[PDB]
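Chain identifiers are assigned alphabetically (A, B, ...) following the order of the sequence lines, protein sequences preceding nucleic acid strands; residue numbering begins at 1 within each chain. Side-chain atoms are counted along with the backbone in the values below, which use heavy atoms only and exclude waters and symmetry mates. Indexing begins at 1, ligand by ligand and atom by atom, following the structure's order.
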Protein chains: 2
Amino acid sequence: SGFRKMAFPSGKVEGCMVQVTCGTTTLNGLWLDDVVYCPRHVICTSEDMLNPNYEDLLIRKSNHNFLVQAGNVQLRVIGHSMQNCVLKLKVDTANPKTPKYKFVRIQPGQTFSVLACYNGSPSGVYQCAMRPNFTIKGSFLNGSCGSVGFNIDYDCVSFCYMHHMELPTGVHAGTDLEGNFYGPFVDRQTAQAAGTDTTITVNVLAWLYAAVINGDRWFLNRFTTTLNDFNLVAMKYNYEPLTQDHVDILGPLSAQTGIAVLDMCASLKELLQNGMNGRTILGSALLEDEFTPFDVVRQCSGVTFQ
Amino acid sequence: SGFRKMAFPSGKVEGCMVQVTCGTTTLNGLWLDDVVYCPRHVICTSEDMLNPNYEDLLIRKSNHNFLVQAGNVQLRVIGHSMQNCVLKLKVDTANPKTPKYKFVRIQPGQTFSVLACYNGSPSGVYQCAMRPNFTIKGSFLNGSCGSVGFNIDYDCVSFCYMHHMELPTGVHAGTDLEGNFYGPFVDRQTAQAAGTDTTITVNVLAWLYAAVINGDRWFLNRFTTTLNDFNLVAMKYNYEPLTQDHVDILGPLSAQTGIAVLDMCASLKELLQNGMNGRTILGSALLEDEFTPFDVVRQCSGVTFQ
Ligand SMILES: *[C@@](O)(c1nc2cc(Br)ccc2s1)[C@H](C[C@@H]1CCNC1=O)NC(=O)[C@@H]1[C@@H]2[C@H](CN1C(=O)[C@H](NC(=O)C(F)(F)F)C(C)(C)C)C2(C)C
Ligand SMILES: *[C@@](O)(c1nc2cc(Br)ccc2s1)[C@H](C[C@@H]1CCNC1=O)NC(=O)[C@@H]1[C@@H]2[C@H](CN1C(=O)[C@H](NC(=O)C(F)(F)F)C(C)(C)C)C2(C)C
């Protein structure tokens, strides 16, 4: 029993982190096979960053201008190219610790683990959700750029996020590993703002199921609802719509607990209209939306990796 | 910016996890140098666990009754001894992935990362504290015993916790790596209840400092207090007493923010006497007590390892 915000074990990713330096700018890079991926603004100085012409900056660069360090191993760079907001440095050694991997673009609502790094070294690991406004509520300082987010499926690492920047309310934005931003952000130091965020409904429902599994049942009521009536209430509380796909994905938890998804929605509806009355659910005094249905299953069933 | 419950990178510990099997009982073991450490109740069947005579269970066994697996490979057990509530198996092969390490016995209020494991494989990583009542608020299922808790400082892993059992209300109990239980617990399936828990005051103050560093300053009030007067309020709210050692440990955060420790105590006092009135601090609707002063500085200054 117990329910915690749980990250994937970080070992397979730790063996892929390197330091990439160009001039006086250092950030993190990801070393997979014979390619090092990092944010393209490794080629900027803090003056350039205010308004960079990345193509113009890149023309003036050559292989030897890119210092790549993997622990104390200096890698020889033998090629470079830009792809969207990411640089790809070809190196002359394949990373012997490359795991099975793929690049994925995640959707809002989906969770992943971040391995926050400085100077090519791990600081820590924590779980994040891609918010509906395409930000993440991370913990990042200067130098964290190039840290990655990922999921593990048995032995396979799915990389979904590379860190680029922080937005006004101390939330974070970045790209997939093909260098395309999540959200309408750009890699420039100019005023930008996240849109209105909303609560990830399917996730809150998952977490209510985790609470039931743990014997925290006080919020179960005697009502049911319809998807359409539920969505009316959701939208007035700035919750995402619940779709049939969400219902389908909640099926394992539904079947495990014997609680119809629509009955749980009716319980959530009451919680939204009446508040929590200072009570807690799984230790929290707010409704938690950064656990996916899969996260709850993995945690409650003790799924392992590696 | 941002402030998250951050675990240590787990790669160093992932390389030490093995499975120990005695008869039909399998649990996790930790393989450091030529020794494997695991809960002594690996020598129990489900029937033995009501009131095991560990001496009698052990005295029958020989080296050969212990199966140690790392991946596919069997390690040859060439010695065994029981120390308190842990078994130590000497194997004929030193772990090639052994990190620099020490064993430490932590104090209530100190935090650590747990690498939850099943069948000798990692399931995930999360941060916990040693509660004042010597329990931890974990996430553990059947098969988790032998999972360990740790801190890293630079390249050195300090192991502090090995998982043994779950108490009522879904909280957890275990030993140091010398096999000595934290708190008054015993490794038998018998009526055991944790003492009333209290709130780690010094940690709440650290997190309030974290909040200020991140711009969340609404709770800074217009008062100060004395240690004596504050401690009267803490006692009333089942908070631990704050000592002068705690005030000293908060020195760095105090000096960084220009906010005297006693002024922060006074702000906390107000929070305790008035409640938070639905407000949040760092996204939490409750006062968080599972970040140490060191945790805050580590996170806010981006300390790395490895
Ligand atoms: C990152 O680690 C990087 N640092 C540098 C330093 C140099 Br000289 C070159 C390139 C990079 S990339 C940081 C990470 C962030 C610092 C604080 N917390 C973080 O998550 N990224 C940045 O500094 C990016 C970077 C430049 C500006 N910026 C920002 O994050 C910020 N945002 C914005 O200007 C705005 F769009 F408003 F949101 C900044 C510094 C927080 C004001 C670019 C986006 C390329
Ligand atoms: C652990 O993984 C172990 N499982 C086994 C199985 C066998 Br056949 C032998 C030895 C072990 S050690 C679990 C972990 C816990 C299960 C639920 N969540 C957990 O964290 N440990 C236990 O089963 C321990 C173990 C036996 C009983 N027990 C308990 O955790 C609880 N004991 C209590 O009665 C109490 F005192 F409350 F703490 C139990 C099973 C949850 C009722 C011993 C203490 C040796």
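A:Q127 and A:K5 are not linked by any side-chain donor-acceptor pair at a separation below 3.5 angstrom, with hydrogens and angles left out of the test. Side-chain polar atoms of A:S121 and A:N119 form no donor-acceptor pair below 3.5 angstrom.
With respect to A:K88 and A:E178, no salt bridge is recorded, no charged nitrogen being found less than 4.0 Å from a carboxylate O.
Atom CD1 of A:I59 has more than 12 heavy atoms from other residues, nucleotides or ligands within 6.0 Å.
Remark: B:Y126 pairs with no residue by the ring-ring contact (aromatic ring centres under 6.0 Å, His included) rule, at least two apart or across chains.
Judged by the 6.0 Å distance and 45° axis criteria, B:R105 is positioned over the aromatic ring of B:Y182.
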If you look at each N/O of ligand 2, which protein N/O atoms lie under 3.5 Å away, and at what distance?
from: ligand 2; atom 1: 2 (O); to: B:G143; atom 2: N; distance (Å): 3.4
from: ligand 2; atom 1: 2 (O); to: B:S144; atom 2: N; distance (Å): 3.4
from: ligand 2; atom 1: 2 (O); to: B:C145; atom 2: N; distance (Å): 2.8
from: ligand 2; atom 1: 18 (N); to: B:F140; atom 2: O; distance (Å): 3.4
from: ligand 2; atom 1: 18 (N); to: B:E166; atom 2: OE1; distance (Å): 3.1
from: ligand 2; atom 1: 20 (O); to: B:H163; atom 2: NE2; distance (Å): 2.6
from: ligand 2; atom 1: 21 (N); to: B:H164; atom 2: O; distance (Å): 2.9
from: ligand 2; atom 1: 30 (O); to: B:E166; atom 2: N; distance (Å): 2.9

